[PDB]
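Note that the chains take the letters A, B, C, D and E in the order they are written out, and that residue 1 is the start of every chain.
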Amino acid sequence: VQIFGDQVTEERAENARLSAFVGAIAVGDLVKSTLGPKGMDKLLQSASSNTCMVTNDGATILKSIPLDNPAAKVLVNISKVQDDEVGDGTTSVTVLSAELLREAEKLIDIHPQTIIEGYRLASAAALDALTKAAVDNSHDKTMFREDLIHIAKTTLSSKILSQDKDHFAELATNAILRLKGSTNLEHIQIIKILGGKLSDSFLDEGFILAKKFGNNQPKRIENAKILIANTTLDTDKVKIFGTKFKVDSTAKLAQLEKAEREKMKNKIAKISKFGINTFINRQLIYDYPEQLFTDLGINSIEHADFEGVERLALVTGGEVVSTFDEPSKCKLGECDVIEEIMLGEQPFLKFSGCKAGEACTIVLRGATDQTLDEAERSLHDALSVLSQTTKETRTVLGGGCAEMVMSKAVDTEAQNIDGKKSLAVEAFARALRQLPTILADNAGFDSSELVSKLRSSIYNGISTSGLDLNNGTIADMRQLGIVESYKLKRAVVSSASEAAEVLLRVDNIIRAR
Amino acid sequence: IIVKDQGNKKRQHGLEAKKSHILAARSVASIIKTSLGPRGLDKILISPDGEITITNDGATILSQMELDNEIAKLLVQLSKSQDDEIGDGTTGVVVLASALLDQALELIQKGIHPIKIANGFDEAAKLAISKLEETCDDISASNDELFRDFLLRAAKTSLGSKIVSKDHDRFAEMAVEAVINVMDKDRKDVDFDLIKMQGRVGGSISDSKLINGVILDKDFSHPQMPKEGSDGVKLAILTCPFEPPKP
Amino acid sequence: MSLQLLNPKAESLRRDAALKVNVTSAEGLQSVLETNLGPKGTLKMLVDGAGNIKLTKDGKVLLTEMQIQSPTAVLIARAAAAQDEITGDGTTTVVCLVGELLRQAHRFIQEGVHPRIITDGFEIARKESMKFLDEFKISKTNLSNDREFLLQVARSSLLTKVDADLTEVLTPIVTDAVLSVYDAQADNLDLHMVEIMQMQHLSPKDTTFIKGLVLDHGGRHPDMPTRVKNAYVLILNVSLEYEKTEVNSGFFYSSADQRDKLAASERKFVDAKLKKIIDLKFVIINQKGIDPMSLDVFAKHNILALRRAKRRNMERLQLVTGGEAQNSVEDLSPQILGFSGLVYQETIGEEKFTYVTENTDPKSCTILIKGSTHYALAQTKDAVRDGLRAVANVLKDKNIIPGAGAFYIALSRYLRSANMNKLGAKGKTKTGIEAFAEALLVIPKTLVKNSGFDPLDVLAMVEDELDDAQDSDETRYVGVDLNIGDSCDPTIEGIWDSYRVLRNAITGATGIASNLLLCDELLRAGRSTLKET
Amino acid sequence: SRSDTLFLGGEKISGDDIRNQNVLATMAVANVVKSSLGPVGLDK
Amino acid sequence: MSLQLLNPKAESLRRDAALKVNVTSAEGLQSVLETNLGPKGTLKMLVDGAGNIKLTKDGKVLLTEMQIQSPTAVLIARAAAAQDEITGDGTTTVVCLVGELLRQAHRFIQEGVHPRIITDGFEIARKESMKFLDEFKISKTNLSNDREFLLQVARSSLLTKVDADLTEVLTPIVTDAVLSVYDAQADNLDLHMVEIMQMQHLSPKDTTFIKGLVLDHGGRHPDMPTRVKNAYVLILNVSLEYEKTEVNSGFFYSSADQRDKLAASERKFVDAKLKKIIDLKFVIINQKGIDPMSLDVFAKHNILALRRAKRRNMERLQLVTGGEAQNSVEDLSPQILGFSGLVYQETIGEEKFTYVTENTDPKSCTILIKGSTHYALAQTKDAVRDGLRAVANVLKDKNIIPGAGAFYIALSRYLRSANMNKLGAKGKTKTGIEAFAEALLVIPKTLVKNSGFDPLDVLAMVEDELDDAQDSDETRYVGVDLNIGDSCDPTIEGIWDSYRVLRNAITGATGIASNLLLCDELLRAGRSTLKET
């Protein structure tokens, strides 16, 4: 009886396997049509916001799906995982899994908990060989830029924005360059506005704050020496707080003048700081911009926290604390500041030559207000790949090379073990072998005859190769410039045969409502 | 030759609506896989009526277990076929229809056309039904008469691996004898069973025995009325009514 | 039972079905916006769940103000807005082509041409088409500075709907109107410099725009200047009602009735500031209102006082009569002046209205729009708004370009040419290219055929055919004449369109179809019970 | 899960659960009359 | 409130909406029957509300056995049957063209071509197309009488589905089968002369047809001829069970047990009639059964007795072993004889079955159809049925004609020719004519493109294009080869189709679209609550 109280369901053994193995592939078939430019994007509508997302990103494609199954929701984690650690390929990190465990399923006809031993030891041999075939270097900034572009390209392909692939691959490799290795990708913010067309998405060496100058002031600035003030341009008062009572009637006769004056010290403190423009975290009283406009000092009321620093780390002028305590020694060396004239509201600008770098990769795409999103997340998938190469100089060739080398290597070992654990090995390879196969489905080439074709070439060449999606020749990926970073294609491999383990050990389950 | 331009698929429903039955069918031939061979087990069947059935005949077991998927249904008839044709392997043939369909799965999954697999399989069919002779020409046996050492052993294996496993000795021979006599000295022929087996719910397996003559389900006239058995007897297949002459 | 998930209340319209639900709705938003193009077109009355009525022909209007549940649809509806923002017109053009182009897509699948291969196609055609659009040129950046025809061109733009039939008076009124705030839009200063007041009277014809901002104000006191003659003004934005120092001050009279001195103090503290204004130089204007007392001081010191000048107006007030919106008068008057023009006040349509007869530096202006029904004006504002935004931006990008289909088939002709080299390079992708043209052609047919019903000129067959036969030659020439039902050169006919506009009508479209064909599946998670109802 | 056939009202237990349900179902009818036998036994 | 009626629960899909609901469903029945044409095609499993399974590729089967609520659909579904009745094959062809042709209709409305003007168009094209079909000829009315190729042609007809792959054995089995009942179908004697017995065994391959009717009977008594050697027979249909004079007779014995004489009388009255049969000449066959007594008389008088010979069989029994179905033997035997062939009885598939090894005048015959599943045979019977009806009628109209698309494009080529004179006479109606062709072309594309997926030969583009370029010349030549993916002449390839068939595939179609375009509106009056469910 008890237990803890039904209704609670319980699935064990045979079916619990299928329902999990078959349960995952369920996700995999839909997920796969997103490999190589001959790749698809899926729509995703959210109940609440009643707005839809269109893009192709394995992480998002699944993070946006309400799915009941534990084995599926599990995969949805793998994706949302690699996306974090690596950044690209998330679309496939499951593909090799669903296939992998579908392999394990057939193999299960034969203990499971041992199959995990193979997939962790045999796909370790694969993991190893893939390091061997890797190509390091160079480390000359002369050569780097030419590789990073090739990476950004191979990644930026197959995404709505592929049309001007270069245009973006450049956007990425730049923002990555600034801030050596390895720095957080949190200072370079991807802002987006709905502006006519595509490719009008440039990279910005400054910041693009939302706010527009207060009053009827100039829209441009020469030799910008901005000022990073904090406190609002309003008469101050202790945070603990205090009350001032006008005990004396004559005390107000002087109190009134104390008003206009206790803020006129703002103007004097501004001109004296040599600063030319200003902007404050907290808001400024209408009694201030008035003085600012006549002087010609520019008013920029209220700025976000992270924006207060962007404007700062752009010119390195230190975040001033309270007006009149600010040294002319601290100022913003901004090259220019303007008000771009977008439809409706227009954002202000903080251009910088270095700069500085606090890149803002603003992207427009009026064509579709929901393509910017669809795009500015692909620019990211680029960025995070152009960085992994900096942190990890290692790189490897795609187009099916990755899997080819493994399944090739792994293949031999399986025929050597002549052990039951050994068959395990062979599947670990046939799972990989599946990835390129699937990569053919989308391009259009017959799979079966395309891997065998591809596996011979690895032998003639080894391991450089791959299967061409579009350009003729079935040419090597190093020639066609189809490569992505090596550690990424590691995490992918391991991280998959990982969930393949945990998920292959469950055997039985218990679910309540 | 083949290149990039060609050429999409007009509809995809075809694909999945094929990977569908491949499953629904598989499952049947999967949960039935436990009753093959001497170490197989039977199953209880509660009728939609109420009757209870416990049996090893997978061709009866499949029919008893209500099925939905129209294709899974198909699987049933192909099991009931082997019974009307041969009379054995009602279960094995199903576990075959699985493996095949289950690997035709693997095939389609690798850009192998269904129809190409259909006859592609059927080719291996006619080669299999032919290889069966090249393995019994030959090395083993093909005896049909004058030898009970085998005919019995055919049932001994056949008798074996059922509820009657323990009591088969009597069963095995009995069957063989009850069959071989309906065509003995008549040569080989397609034969239909005129043999009649009637069962009384009283006793254990072994109690059952061959009758050197005839048996009838109907009881005597009992004291309806006055019975058996007339000493030496002389029967009559009386026909028509026996009541007071009525037109 | 299975589950099979996925999840309940969720559905996967996948593959071809996805291909259906995708395409099958995009052109849904066709039959809705088909009417709008063509001077012979007609408008639509939209109702809502709040029991209201809208009868206007604008597309952003009939797409934003609609209820739709098929992604693609909402998506193109989204593309409709993109336009209305960045440019006045072309939202309608963006959809019709968007859809029709996508219609031609679900068609190549009758031939079995991979979508990615059609993105590839449309991609070439898309840019190759815009190319020839660039090639037309014809910009009046240089003198003849007058570029009156270009102004005529916006009017050509606004033709159809309701406003176009009357005139021909709007372009002159808009043209001039923009020309004042022309230099203004270039600066990043929005169109809000032009205000539109609905004082319905007479007929949408009698409507007119007076030089010198009009305002609905006073003059809130009888002993006040009904009219100000030549007098100067002052645009200000200081506090007159709170009358409290910007400090945490709490006057506490420890004595017996010391408040009698404080309650007079602040009651005079305003008189001090009040006296600087008395100090110059006359009328006063200020955003924040002026309480009964302070405002009644000006009245006696011969200073017409105007309170509650909306933020828009104070900025607008700065634009006309060149003034500075400066509050602090403790420094007055460094860089603080307020020019002006006689400010006679005149009621219109039973409504009080003060407007300045005389003024200077008019970089802004109000335009009254009389009419026959409140429903009518709501639709004139949009028409003026559309055409007023077109002209606006055209003054930012001088690039002109002929209207009436010329621009379209010019794109279509130039397209099919490279295209009919398109198959050769490389074959199937070509049809996609070739197909692209069919779109820009089709929009023109929709323009006359399904929309230009009368005068009786509407044949989908003949008209289009006339342009291709007679249009390859006229490179940017031979447009259409949906009035007489002939192919006549627009250029001699004033059919001038904005380059920016007719460019984006494609940029958008092209960019739309692309990401849509990329669709393999589409999923949703229910939010409301059912709701099949 | 499943799909198998066929629900509802039609179900099946597998291996262990059955071999148990069978034994429980037997001890049931058994353990009731397990007091009866023997002179020391009673009636009900 | 209004009402406005009309009536509740009724709806008027009017005009263009009617144009939609009309067209918009006709091609609905396309995606359903698209699979069936082409040897590379595939079948469909149909379920119902009674929990049953059908997996067959026939169209009348997938259209009659369907649930549809859009008139046009049901209407074309109706046209599907018309075929299945009057001819074996072409039901599928009738719909695909019917729909596709109607698809091309809702298309001319993109050009604005009045429907009546398209009826006018299609009308010319329709007859002008059938014309060239007539022109092909090629009939084998005269010797070489063998006309084996024509028989080969029916097999070509039945190619695809399930049966076609095996052979090539069916045509020989059907051909011969029809050839026996050939003279029989000409007489108006239906196909029921051929019976099909399902005794599933082995594989659909092993299935075969034995000369000499088979029957499932006896032989209902042990003391009876297991087999009859050379013995003659008698086909009869008299009453053996009721044994009552055809009169209102009520034997009333006013005496004490006079019934003892009457109850013996009639019990002997049968012996009298029984004795004439004993009189000739041996076995007896009779529709109405023979009660335990009478039948047990024959058994002892050396006369194998066969009871319960279904009406079909008695007629069939007359066909084989030439006998007369005569009851009255009070005249026997004027014009009353019953020839025969040895009648050995043999069980098949565990089922008792008496068949006659030897016989004469075989104008009918039974054909067993073993198989693998009851589902399989159900679909073989239809395939044999389809192809068996084709051959049947072809023997009634010798007119042959090449298959594989040749016949189709031959119609299409000949069409577009007059058609491309069609605009000239007179212009717009021409496009309708021209369009008609597009249909017959399209069916061929559907045949390979959307249906002939593999072997990998399927391109909608290339194939069709090959025929037009290479088909105008081959007048009735150049068909298709959906096996290798090439254009090869059918005639050398045995691709022979029935003239009657490929004629009607159009006659029907043409007649269908016509009355459909005539549709302005369509109304309905609900019958079931809701039922939106």
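Methods note: contacts are C-beta pairs under 8 Å (C-beta built on N, C-alpha and C of every residue); 3 or more make two chains touch, one makes a residue touch a chain.
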Chain occupying the most central position, where position means C-alpha average: A
Highest-count interface - the chain pair sharing the most C-beta contacts: A-C
Separation of subunit B from subunit C, taking each centre as the mean of its C-alpha atoms, in whole Å: 80
Gap in Å, rounded to a whole number, between the CA centres of subunit D and subunit A: 60
Rounded Å distance, subunit A centre to subunit E centre (Cα mean): 64
Contacts with two or more other chains, residues of subunit E listed in rising order: 449, 459, 461
Where subunit A touches two or more other chains at once, by residue number: 14, 38, 444
Numbers and ranges of subunit B residues touching at least 2 other chains: 4, 6-7, 10-11, 23, 31
Pairwise chain contacts under the document criterion: A-B, A-C, A-D, B-C, B-D, B-E, C-D, C-E
Contact set on subunit A toward subunit C in their complex: 26, 30, 33, 37-48, 50, 52, 54, 56, 64-69, 72, 160, 163, 194-198, 215-216, 219, 234-235, 237, 241-247, 249, 252-253, 255-256, 258-260, 263, 285-287, 290-291, 293-294, 339-344, 346, 365-371, 374, 444
Residues of subunit B that touch subunit D when the two form their complex: 23-24, 27-28, 31, 44, 65-69, 72
Complex contact set, residues of subunit E against subunit B: 31, 40, 42, 45, 47, 53, 55, 165, 200-203, 251, 257, 259-260, 262-264, 266, 292-293, 296, 346-352, 372-375, 449-450, 453-456, 459, 461
Contact set on subunit B toward subunit A in their complex: 2-4, 6-7, 16, 23, 30-31, 106, 110-112
In the complex with subunit E, residue positions of subunit C that touch it: 110-112, 428, 449, 458-461, 532
